[PDB]
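Residue 60 in the entry's author numbering sits at position 60 of the sequence shown, with consecutive numbering throughout.
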Amino acid sequence: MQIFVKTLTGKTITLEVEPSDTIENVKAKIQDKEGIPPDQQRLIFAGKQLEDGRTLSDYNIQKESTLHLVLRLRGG
């Protein structure tokens with residue numbers, strides 16, 4: 001299923017994912033496109049920050065859903 005991940009600084013990328021993918025999986029896929037390691041990423045859906053071990057299915061993220069990406073930088 002295709003989803004979109006939007007940063008807050010203006011970038012949209014596209015991903016093919018599974019509904020069973022964990023948020024951590026999604027972060028790993030994002031690193032492939034964006035370079036950022038998973039542990040500097042936080043993902044958001046429908047106003048909410050998402051937890052690493054939940055699946056997309058758990059959050060009602062489906063085909064063509066849009067997530068947002070923010071960075072978490074220890075002292076950054």
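Heads up, the beta-carbon is just placed ideally off N, CA and C, and yes, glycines get one too.
Cβ distance (whole Å) where residue i is taken to contact residue j below 8 Å
i: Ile30; j: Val5; result: 6 Å
i: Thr22; j: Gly53; result: 6 Å
Distance CB(residue i)-CB(residue j) smaller than 9 Å
i: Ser20; j: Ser65; result: no
i: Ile44; j: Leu67; result: yes
i: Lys63; j: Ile13; result: no
i: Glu51; j: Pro38; result: no
i: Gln40; j: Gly76; result: yes
i: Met1; j: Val26; result: no
Residues that DSSP places opposite residue i in a beta bridge
i: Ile61; result: For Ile61, which the question treats as bridged, DSSP gives no partner whatsoever.
i: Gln2; result: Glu16
Nearest candidate by alpha-carbon position, reference residue i, set the options
i: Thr7; options: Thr55, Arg74, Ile36; result: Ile36
i: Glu34; options: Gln49, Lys11, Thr55; result: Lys11
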